Amino acid sequence: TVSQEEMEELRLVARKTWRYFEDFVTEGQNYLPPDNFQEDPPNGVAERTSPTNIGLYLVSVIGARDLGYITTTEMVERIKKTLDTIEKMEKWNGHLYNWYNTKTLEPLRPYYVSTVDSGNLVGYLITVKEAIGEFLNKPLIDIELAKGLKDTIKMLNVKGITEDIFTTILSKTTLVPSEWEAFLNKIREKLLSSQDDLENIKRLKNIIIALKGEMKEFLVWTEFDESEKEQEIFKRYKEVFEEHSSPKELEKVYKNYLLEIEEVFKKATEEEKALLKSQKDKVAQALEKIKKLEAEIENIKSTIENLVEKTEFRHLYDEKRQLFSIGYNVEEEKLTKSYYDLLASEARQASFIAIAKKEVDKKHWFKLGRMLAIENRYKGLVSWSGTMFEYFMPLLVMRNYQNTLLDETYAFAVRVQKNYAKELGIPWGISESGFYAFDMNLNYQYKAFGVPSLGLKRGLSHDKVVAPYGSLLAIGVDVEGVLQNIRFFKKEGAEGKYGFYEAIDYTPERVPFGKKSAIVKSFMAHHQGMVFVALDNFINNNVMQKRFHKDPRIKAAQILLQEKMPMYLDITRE
């Protein structure tokens, strides 16, 4: 069990991690996240993005709202725009390409379609589809938007603006808009006075501008002048405006106030009619906006659903090997030689969604290579690399059922990975990450760092590159362990503006002499996403998972994860 103090830290890290997207997903990047931002070598923000990057941002957006880092409106918006962009991008049989340029929105040079990239993205979309609906009956003013600002405040740090400020508001199971209006303005005021870094101040203003923004627009019952507040009609509806702040709970309250305005408009003074008329006219638009919000949502859900059923996975499957190829090389109009011949592989998310879409046989799932490695007692599927990501990238959306083959394995991985790492005295979670070497232009290189045990086919080496993203991608399992790693990462200085730096390179060959560890002063959008989502997942009981499985086609197949690990196994040969 996690202490409130503990959680608060995890939440802050989530906030810092979300910031990546806040900051680098620009109009200019066509509302896509760019692969990475490099700090120390300050080459800045790389203007390329992968299907996966994009998907993880979209599900992160949802995740943002979950923690209270954006508003219901803000949410829908970013998704709308990002999707508008997606609906543009040069596709292949309804697939996104390997890479696009964030500005040219052009397929990048080695015109390629990655199976995994598509597979992941599709999943992340399906997740968003089943999720976004929820927010039509989830309050525009809910407590989480305050729990959220708390994290925002801790992060931004601007004088008088301190954590304790909250206390009261957060002490209540519910947030009552009046208290909120007050609290938001109180904070607006101590900001006008506090003379910290104008820049830092600005952000908190705009993040308080955003919060009142939703409220003024959608809860216009705050913007009725003292004479309008008198109209008896208002004094019946006062406690029902406070008791209901969801877009549908408002849609209903707002009509029933607009039909009652109409009724009592005949039995009213010309003074009472002018005041009743002002209130009709405001609450009218306020409804028209809710109708639009509801619509923009369905358009999203529909647009997503489409883009998914448009994605022809058929094309990346060698029917004859009953197996998924790495991806399609568009330049030789040929499918790639090698394949995802293993269950323990990010490919599963691809492999699963295919069967769930009924694009390949339910059998495919069982043709994927299942290899156990019995280490000490614990047994578990080996992967092609040993990267935590190979095992846990699915677990963002793909569920885990207890005692299942996967389950045994998901634990197995954490153990071996933590042993390997304690036996090297580095924090655990060695996975595909950047490391302290650079191309001619001084950009951190990025390579597959497994543990060679879980690494069916591995060059061993010292390659001691611990990436935090991999550690956190398993919060689910050894929360205790991951927490330790996080402290250990802070002490080794991996803490930064946008959460945890890409990786720490302990590798002898590459560490600068008279130093141990070369922190890869980088933030990679895809990894940032995984961390963010994985945190949300941990905090709100595998939410994103339960949303992905809210999809019927997914629920159709959900039994495949409930595969149990066999009790007997032959050993002979021929």
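Residues numbered from 1 in each chain as written, not as in the entry; some residues may be left out. Heavy atoms only, no water.

- Method-wise, the PDB entry is recorded as coming from X-ray crystallography, at a reported resolution of 3.90 Å.

A short note on unusual backbone geometry
At step 1: A positive phi angle, close to 60 degrees, is found at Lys358, a residue other than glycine.
At step 2: What makes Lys358 partly exposed here is its relative accessible area of 48%.
At step 3: In this model, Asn542 sits at a positive phi of 30 degrees, which is unusual for a non-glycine residue.
At step 4: Within the secondary structure layout, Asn542 lies in the loop between α18 (525-539) and α19 (543-548).
At step 5: With relative accessibility at 26%, the residue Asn542 sits in the partly exposed group. (Buried < 20%, exposed > 50% of the residue type's maximum accessible area, 1.4 Å probe, protein only. Helix = DSSP H or I, 4+ residues; strand = E, 2+ residues; numbered from the N terminus.)

Regarding the UniProt feature "coiled-coil region" (unreviewed entry) in the chain
At step 1: Sequence positions flagged by UniProt for "coiled-coil region" (unreviewed entry) are, in local numbering, residues 266-310.
At step 2: This span, residues 266-310, is 91% helix and 0% strand, and a straight line between its end C-alpha atoms measures 55 Å. (UniProt positions renumbered as here; feature names shortened; annotations may be inferred.)

Quick look at the packing of helix α1 (residues 4-24) against α18
At step 1: Their axes nearest at 9 Å, the elements α1 and α18 cross at an angle of 145 degrees. Crossing of α1 against α18: the hand is left-handed. Contacts from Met7, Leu10, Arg11, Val13, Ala14, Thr17, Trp18, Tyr20 and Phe21 in α1 reach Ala525, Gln528, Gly529, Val531, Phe532, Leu535, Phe538 and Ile539 in α18.
At step 2: Classifying every residue of the contact of α1 with α18 by side-chain character gives 13 nonpolar, 3 polar and 1 charged. (Axes fitted to C-alpha atoms, helices over the stretch in contact; angles between N-to-C directions. Left-handed = near helix turned anticlockwise from the far one by under 90°. Contact = heavy atoms within 4.5 Å. Nonpolar A, V, L, I, M, F, W, Y, C, P; charged D, E, K, R; others polar.)

Brief notes about the domain arrangement of the chain
At step 1: Segmenting the chain into domains produces domain 1 (7-137 + 305-561) and domain 2 (144-304).
At step 2: Taken together, the contacts link 36 residues of domain 1 with 33 residues of domain 2.
At step 3: In this assembly, domain 1 packs against domain 2 so that about 2,900 Å² is buried in total across both faces, 59% of it on carbon and sulfur atoms.
At step 4: Its salt-bridge partner being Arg203, residue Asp23 comes within 2.6 Å of it at the nearest N-O pair.
At step 5: Viewed at the interface, domain 2 and domain 1 are joined by 21 residue pairs in polar contact.
At step 6: Mapped by element, the contributors of at least two residues to the side of domain 1 that touches domain 2 are α1, α2 (51-67), α3 (72-88), α4 (115-132) and α11 (270-310).
At step 7: For the side of domain 1 that touches domain 2, a count of residues per class yields 15 nonpolar, 7 polar and 14 charged. (Domains from an automatic or database assignment. Buried area = accessible area lost by both parts, 1.4 Å probe. Salt bridge = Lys/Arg side-chain N within 4 Å of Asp/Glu carboxyl O. Polar contact = N/O pair within 3.5 Å; in protein donor to acceptor, adjacent residues only side chain to side chain.)

Brief notes about the packing of aromatic side chains
At step 1: If you walk through the whole model with that rule in mind, you get 35 aromatic pairs.
At step 2: Between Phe241 and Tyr254, the aromatic rings sit 6.3 Å apart at their centres with planes inclined by 75 degrees, giving edge-to-face as the arrangement. With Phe241 in helix α9 (residues 232-242) and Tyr254 in helix α10 (residues 247-264), this pair connects stretches of sequence that are 13 residues apart. As far as burial versus exposure is concerned, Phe241 and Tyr254 are alike and both buried.
At step 3: Taken together, a centroid distance of 6.3 Å and an interplanar angle of 70 degrees make the contact between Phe313 and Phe324 edge-to-face. (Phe/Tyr/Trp six-rings, centres within 6.5 Å; stacked < 30°, edge-to-face > 60°.)

Some details on the environment of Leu316
At step 1: In this structure, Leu316 sits in the loop between α11 and β6 (317-318).
At step 2: Ignoring anything within four residues of it in the chain, the contact list for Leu316 reads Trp92, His95, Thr115, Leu323, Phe324, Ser325, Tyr328 and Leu335.

What to know about the pattern of salt bridges
At step 1: Considering all chains together, one arrives at 51 salt bridges under this definition.
At step 2: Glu495 is paired through a salt bridge with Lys16; the nearest N and O atoms lie 3.1 Å apart. Separated by 479 residues along the polypeptide, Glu495 in strand β13 (residues 495-496) and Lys16 in helix α1 bring together distant segments of the chain.
At step 3: According to the relative accessible area criterion, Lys16 is buried, its value standing at 15%.
At step 4: Salt bridges sharing common partners tie together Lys129, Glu130, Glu305, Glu309, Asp551 and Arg553.

Let's talk about the nonpolar core
At step 1: In terms of nonpolar packing, the biggest core is built from 181 residues, with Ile79, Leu149, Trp180, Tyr254 and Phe392 touching the most fellow members.
At step 2: A total of 11 residues in this core trace back to one element, the largest contributor, which is α11.
At step 3: No fewer than three residues from each of domain 1 (7-137 + 305-561) and domain 2 (144-304) sit in this core.
At step 4: Filtering out sequence-adjacent residues up to four positions away, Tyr254 remains in contact with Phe218, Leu219, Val220, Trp221, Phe241, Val283, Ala286, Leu287 and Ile290. (Core = buried A, V, L, I, M, F, W, Y, C linked by side-chain atoms within 4.5 Å.)

A few points about the packing of helix α5 (residues 144-156) against helix α7 (residues 198-218)
At step 1: Direction vectors running N to C along α5 and α7 enclose 170 degrees, while the axes themselves pass 11 Å from each other. The orientation of α5 with respect to α7, classified from their angle, is roughly antiparallel. Counting all contacts with α5, which are made through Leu145, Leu149, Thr152, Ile153 and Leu156, the residues of α7 involved are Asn200, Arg203, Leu204, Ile207, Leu211 and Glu214.
At step 2: By residue class, the composition of the contact of α5 with α7 is 7 nonpolar, 2 polar and 2 charged. (Parallel < 35°, antiparallel > 145°, perpendicular 65-115°, else oblique.)

Considerations on the pairing of strand β11 (residues 444-447)
At step 1: Sheet analysis places strand β10 (residues 433-438) next to β11, joined by 4 bridges and oriented antiparallel. Bridging from a neighbouring strand, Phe438 pairs with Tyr444 of β11.
At step 2: The turn linking β10 back onto β11 is made up of 5 residues, and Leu442 within it adopts a positive phi angle of 70 degrees. (Pairing = 2+ DSSP bridges.)

Structural notes on α1
At step 1: In this model α1 runs 31 Å from its N-terminal to its C-terminal C-alpha over 21 residues, within 8% of the 30 Å that 1.5 Å per residue would give.
At step 2: Of all 21 residues that make up α1, 16 are buried, and the element is covered over most of its length. (Expected span 1.5 Å × (residues − 1).)

Some thoughts on the environment of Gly499
At step 1: Tracing the sequence through the fold places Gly499 in strand β14 (residues 499-500).
At step 2: Judged by its relative accessible area of 0%, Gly499 falls in the buried class.
At step 3: Leave out the neighbours within four places in its chain, and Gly499 touches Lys16, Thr17, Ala494 and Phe523.

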